[PDB]
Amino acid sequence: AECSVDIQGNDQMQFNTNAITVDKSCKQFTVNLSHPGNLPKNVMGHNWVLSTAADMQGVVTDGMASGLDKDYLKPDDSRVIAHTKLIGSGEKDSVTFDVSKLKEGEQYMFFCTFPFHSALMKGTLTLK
C-alpha cells in the first residue's frame, strides 16, 4: 500500500483533499504539502497540522496567539502529533511521522492554523 499523499493549498483557502487514509501496514507516513498560489506567507500561509479532533480548537486558538514568527503554533505544544512548516507562494515542505503515534478508532483532524484558515481548510485522517 502507499504511505504518502500530496496535498495542495491555494490562494482561496482550499485544501486539495478533506479525507486522508493511512493504511495499517504503513510504518511511516509522509505528507507532501505544496502552495500553487501567488499570495505570500504573511498573507496566505498554509501548514498541515495533525491532532486529535478534541485538540483541534486548542491548537488553532493557541496557534493564532503564537504569531507568524512561530509559524502560528504555540511552542512545545504536545497536542501536535505531526506538522509541516508554514509556507508561502511557490514553496513546499514535507513531514514524515511514525504511524505508531496513531490509534485505531480514534478520530484525527488535519488543518491549517494560519488565522481563520481552519474554518475552510480542515479534513479527517483515519487509520485504516
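Note that residue numbering follows the sequence shown and begins at 1.
Set 93-101 against 31-39 and average the Cα temperature factors; 31-39 ends up higher. Annotation for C26: CA B-factor lies in the lowest third of the chain's modelled residues. The entry lists a Cα temperature factor for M44 that places it in the highest third of the chain's modelled residues. Ranked against the other modelled residues of its chain, the C-alpha B-factor of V5 as given in the entry falls in the lowest third. Sorting the modelled residues of the chain by their CA temperature factor places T113 in the lowest third. Residue-level temperature factors show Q57 in the highest third of its chain, judged at the C-alpha atom.
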